[PDB]
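*Asks:* Let's see this in three dimensions:
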Amino acid sequence: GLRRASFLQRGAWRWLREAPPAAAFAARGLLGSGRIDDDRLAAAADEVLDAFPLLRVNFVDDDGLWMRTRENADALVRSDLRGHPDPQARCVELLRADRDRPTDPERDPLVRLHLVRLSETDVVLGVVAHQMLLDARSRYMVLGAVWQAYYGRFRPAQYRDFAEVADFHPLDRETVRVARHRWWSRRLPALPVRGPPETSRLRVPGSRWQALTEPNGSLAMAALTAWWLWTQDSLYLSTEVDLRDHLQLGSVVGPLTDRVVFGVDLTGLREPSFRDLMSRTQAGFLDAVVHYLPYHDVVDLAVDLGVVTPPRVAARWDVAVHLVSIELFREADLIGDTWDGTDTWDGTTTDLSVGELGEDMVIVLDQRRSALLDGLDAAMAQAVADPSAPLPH
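*Replies:* Numbering: from 1, shown residues only. Here you go:
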């Protein structure tokens with residue numbers, strides 16, 4: 001009973017194998033408020049852990065990468081933080097702590113569900129998962145499924161098992177694969193050449209984010225980030241893509257998110273507007289999407305052509321842009337050393353992520369050298385006010 005691992009699992013395993021195990025983990029959570037039966041919710045979690053054999057999967061690195069379905073889940077952790085004056089701040093520290101805990105991917109549960117009670121009305125349902133099992137979207141799918149089971153609304157047939165698409169590959173045809181490999185082989189050598197990590201945050205009113213996003217949400221970010229770095233030829237960025245929407249794969253719980261590398265051509269810009277940069281950002285992104293090649297396959301290729309050297313595989317695209325009452329729980333805060341430690345930094349110098357916080361969006365910036373966030377803030381206001389008007393000189 002050993003299924004072969006998918007291409008995104010194989011790809012991530014190439015760098016995750018020598019990285020600290022906690023690097024593969026992420027934490028998200030849903031906050032429930034009202035009269036909540038803990039035992040009923042705990043039973044609901046077990047039901048979901050059962051219905052999705054993917055959640056009970058361990059990996060076997062021997063003669064290739066393989067998936068192994070564990071019989072017993074042993075993944076439901078129950079905590080109570082009522083003794084703390086600020087239960088919500090503790091719940092964040094709890095999930096972060098469990099996220100940073102070293103996990104044996106061949107033995108231990110790689111998807112942990114946390115049932116954390118904060119008060120007499122508030123309960124947080126959190127998930128701490130290995131990225132080779134659950135991507136960004138799948139984490140909330142699983143969390144949503146647990147609450148569905150709580151009300152008896154969970155139907156497993158509504159979801160599509162990952163087993164059906166584990167063998168799936170966007171480049172199944174060889175003639176297509178060769179063409180994509182060629183397209184990137186010609187462009188990788190031409191890519192232009194480009195301190196401790198510090199975090200800065202910019203809270204954006206939800207209304208501001210919607211008017212900017214709805215017109216692609218991370219594309220407004222990519223355009224404006226590229227713009228500011230231009231002000232301080234072309235600039236190369238990295239962003240994720242959900243293959244569910246792009247390739248019309250079903251509502252599948254599993255790893256179906258990949259990274260694409262695209263370039264924004266900033267050549268002739270003089271007093272550019274949001275439309276100007278949006279046009280050039282979209283042209284670079286769609287060009288990369290049309291000629292899609294898996295990020296791990298791109299990395300391997302760039303290494304052979306001597307463009308980059310491990311582990312600095314992202315040096316030539318060192319800008320990353322990401323993305324009873326029930327609401328998201330501190331998403332902005334959940335979105336994430338030693339002597340002679342193993343250096344596995346990919347070379348990304350500007351990391352930009354966006355997470356919810358109340359009815360607001362929070363932009364979390366990770367840099368390796370503030371003025372950027374004041375720049376984005378002004379540029380965003382301008383982009384909504386008049387996308388044809390020149391951005392700040």
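*Asks:* Tell me where the stretch 51-200 of the chain has strands.
*Replies:* Chain-ordered strands for the stretch 51-200 of the chain, with DSSP state E, counting those that start in this stretch as the definition, fall at 57-61, 65-69, 76-80, 111-117, 122-130, 198-205.
*Asks:* Kindly reformat the ones you listed as JSON lines containing distance to residue 5 and mean neighbour count.
*Replies:* No exception for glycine: its C-beta is placed from N, CA and C like everyone else's. Formatted as JSON lines, the strands of the stretch 51-200 of the chain follow (distance: least, C-beta to C-beta, whole Å; neighbours: other C-beta atoms under 10 Å):
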{"stretch": "strand 57-61", "distance to residue 5": "7", "mean neighbour count": "18"}
{"stretch": "strand 65-69", "distance to residue 5": "4", "mean neighbour count": "17"}
{"stretch": "strand 76-80", "distance to residue 5": "26", "mean neighbour count": "15"}
{"stretch": "strand 111-117", "distance to residue 5": "16", "mean neighbour count": "23"}
{"stretch": "strand 122-130", "distance to residue 5": "12", "mean neighbour count": "24"}
{"stretch": "strand 198-205", "distance to residue 5": "33", "mean neighbour count": "14"}
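*Asks:* Take those and write them to a markdown table, including distance to residue 148.
*Replies:* A markdown table is the format used below for those (distance: least, C-beta to C-beta, whole Å):
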| stretch | distance to residue 148 |
| --- | --- |
| strand 57-61 | 21 |
| strand 65-69 | 23 |
| strand 76-80 | 17 |
| strand 111-117 | 14 |
| strand 122-130 | 12 |
| strand 198-205 | 31 |
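*Asks:* The residue nearest to residue 116 when sequence neighbours are not counted and residue 351, how far apart?
*Replies:* Nearest in space to residue 116, with sequence neighbours left out and distances taken as C-beta to C-beta, 6 or more residues apart in numbering, is residue 124 at 4.3 Å. Separation of residue 124 from residue 351 (C-beta to C-beta, to the nearest Å) stands at 26 Å.
*Asks:* quick one on the thing from earlier: how near is the residue nearest to residue 116 to residue 62?
*Replies:* 38 Å.
*Asks:* Identify the single longest helix in this structure, thanks.
*Replies:* The longest helix of the chain (DSSP state H) is helix 274-290.
*Asks:* I'd like the next helix or strand past that one.
*Replies:* helix 295-304 (DSSP states H and E).
*Asks:* Pull out the buried residues from that next one.
*Replies:* 295-299, 301-302 (16 or more other C-beta atoms under 10 Å).
*Asks:* now the residues you listed as CSV including distance to residue 153?
*Replies:* As requested, these are arranged in CSV below (distance: C-beta to C-beta, whole Å):
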residue, distance to residue 153
295, 36
296, 37
297, 40
298, 41
299, 42
301, 46
302, 46
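*Asks:* mind listing the strands for the stretch 201-350 of the chain?
*Replies:* Going by DSSP E, counting those that start in this stretch, the stretch 201-350 of the chain shows strands at 234-242, 257-265, 319-321, 325-328, 350-357.
*Asks:* Identify each buried residue in the fourth one, please.
*Replies:* Neighbour counts using 16+ other C-beta under 10 Å place residue 328 of strand 325-328 among the buried residues.
*Asks:* Pretty sure residue 222 sits against residue 322.
*Replies:* No. In this structure residue 222 lies outside contact range of residue 322 using C-beta atoms under 8 Å: 10.2 Å.
*Asks:* Now do the shared contacts for these two.
*Replies:* Residues touching both residue 222 and residue 322 by C-beta atoms under 8 Å, 6 or more residues apart in numbering: residue 239.
*Asks:* got the contact list for stretch 57-69?
*Replies:* 1-5, 9-10, 13, 17, 53, 56, 70, 105-108, 110, 132-133, 166.
*Asks:* how does it look with 10 Å?
*Replies:* Taking contacts as C-beta atoms under 10 Å, 6 or more residues apart in numbering, the residues outside stretch 57-69 that touch it are 1-6, 9-14, 16-17, 53-56, 70, 104-111, 130, 132-133, 162-163, 166, 254.
*Asks:* What is the end-to-end distance of it?
*Replies:* The first and last residues of stretch 57-69 sit 5 Å apart, counting by C-alpha to C-alpha, to the nearest Å.
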